[PDB]
Amino acid sequence: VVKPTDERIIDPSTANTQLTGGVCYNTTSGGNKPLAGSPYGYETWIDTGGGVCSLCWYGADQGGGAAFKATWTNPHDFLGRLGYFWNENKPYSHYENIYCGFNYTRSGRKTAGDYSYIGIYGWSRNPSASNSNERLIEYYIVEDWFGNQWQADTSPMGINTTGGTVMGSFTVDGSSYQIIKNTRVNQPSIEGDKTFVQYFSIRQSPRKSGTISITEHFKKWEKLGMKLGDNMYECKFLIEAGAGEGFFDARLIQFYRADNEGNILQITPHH
């Protein structure tokens, strides 16, 4: 696979200008909500029993088009996410090579509760799987987190946070990633309360900027027998905060897709 060199790709390492003029959402969105003049959709999950949370999109024309800020004040499992919404009966391979360039600031260690996640997130459906537990999949590519009282945010989370079993590992985008499979038994899902599986890639060296070669994770999961099936739901940049008081503020979130030759299939956004 040839890495894309298209000049519309924004270098994540130096994409660190603070953005302004967000459009903010302060309540649960009830699923994916499309964004005007954008290929992306956002979703918020904001427990009304917790404190104030928000997700603010920075619009279609700056920060790579999927940039957002989120804030939380003592949430109960806040999730804010923005990116591709699919749900069109297509396996991951249909979308070819998916990349996300990112750069953000965030609050420090212990500002997001006992567990937290930053990176790529979605679901996929695999109804023909023989194991009924494996017919619905929730997935995470975890670039970073906020640590907690017990563990530094510079230390990667593991199965003590995620649950489940270490299946293997591989190296991509400058770090080893540990691959974890967890079964969620009779838990809330996009299909109601049920048993489903979670796939994780945990970045061993956490970071706040770079490029995620998303499709490389999907390929390695599938090689380990962690199948995604044939109806990818979404592929979004996520901040999840279990609790705490904090923020996440992206200067860049740029999704793009390219074929194996490295030619752009999809990207956002005279002298």
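In the PDB header, X-ray crystallography is given as the technique by which the entry was determined, and 1.8000 Å as its resolution.

### Focus: the state of the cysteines
Enumeration over the complete set of coordinates arrives at one disulfide. In this model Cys24 forms its disulfide with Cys56; the gap between the sulfur atoms is 2.0 Å. Handedness of the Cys24-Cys56 disulfide follows from its S-S torsion of about 105°: it is right-handed. On the criterion of sequence distance, the pair formed by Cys24 in strand β1 (residues 23–25) and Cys56 in strand β4 (residues 53–57) is long-range, its members being 32 residues apart. By relative accessible area, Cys24 is classed as partly exposed at 41%. A residue is classified by how much of its surface remains accessible, and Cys56, at 10% relative accessible area, is buried. Of all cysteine sulfurs, the one in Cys235 lies closest to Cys100, which takes part in no disulfide; the gap is 7.8 Å. Taking relative accessible area as the criterion, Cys100 reaches 0% and is therefore assigned buried.

### So, the pairing of strand β8 (residues 116–125)
Burial runs high along β8: ten of the ten residues are buried. Where β8 meets strand β15 (residues 234–241), six bridges bridge the pair, whose relative direction is antiparallel. Directly across from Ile120, in β15, lies its bridge partner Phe237. Relative to strand β14 (residues 231–232), β8 is paired through two bridges, and the arrangement is antiparallel. Looking at the pairing, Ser124 lines up with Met232 of β14.

### Quick look at the packing of aromatic side chains
One pass over the full model with this rule turns up 27 aromatic pairs. Relative to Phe248, the ring of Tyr104 lies with its centre 4.7 Å away and its plane at 40°, an arrangement referred to as tilted. Residue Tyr104 is located in strand β7 (residues 97–106), and its partner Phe248 is located in strand β16 (residues 245–258); the two are separated by 144 residues in the primary sequence. On the basis of relative accessibility, which here comes to 0%, the residue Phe248 falls in the buried class. Considering the side-chain rings of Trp123 and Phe196, the 5.1 Å spacing of their centres and the 50° angle between planes classify their relative orientation as tilted. A residue pair is termed long-range when its members are at least 10 positions apart, and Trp123 in strand β8 and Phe196 in strand β12 (residues 194–203) qualify at 73 residues. We note that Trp123, like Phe196, is buried. Ring-pair connections join several aromatic residues into one group, and the members of that group are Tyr40, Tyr84, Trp86, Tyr95 and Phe255.

### Quick word on the side chain of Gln254
Tracing the backbone shows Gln254 in strand β16. Of note is the side chain of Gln254, whose polar atom sits 2.8 Å from the backbone oxygen of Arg8. A polar contact is formed between the side chain of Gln254 and the backbone oxygen of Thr268, at a distance of 2.9 Å. Sequence-distant contacts of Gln254, that is, excluding residues within four places in its chain, are made with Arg8, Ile9, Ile10, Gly63, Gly64, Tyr99, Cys100, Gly101, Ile267, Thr268 and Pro269.

Analysis parameters
Residues numbered from 1 in each chain as written, not as in the entry; some residues may be left out. Heavy atoms only, no water. Disulfide = S-S within 2.5 Å. Helix = DSSP H or I, 4+ residues; strand = E, 2+ residues; numbered from the N terminus. Buried < 20%, exposed > 50% of the residue type's maximum accessible area, 1.4 Å probe, protein only. Pairing = 2+ DSSP bridges. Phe/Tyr/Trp six-rings, centres within 6.5 Å; stacked < 30°, edge-to-face > 60°. Polar contact = N/O pair within 3.5 Å; in protein donor to acceptor, adjacent residues only side chain to side chain. Contact = heavy atoms within 4.5 Å.

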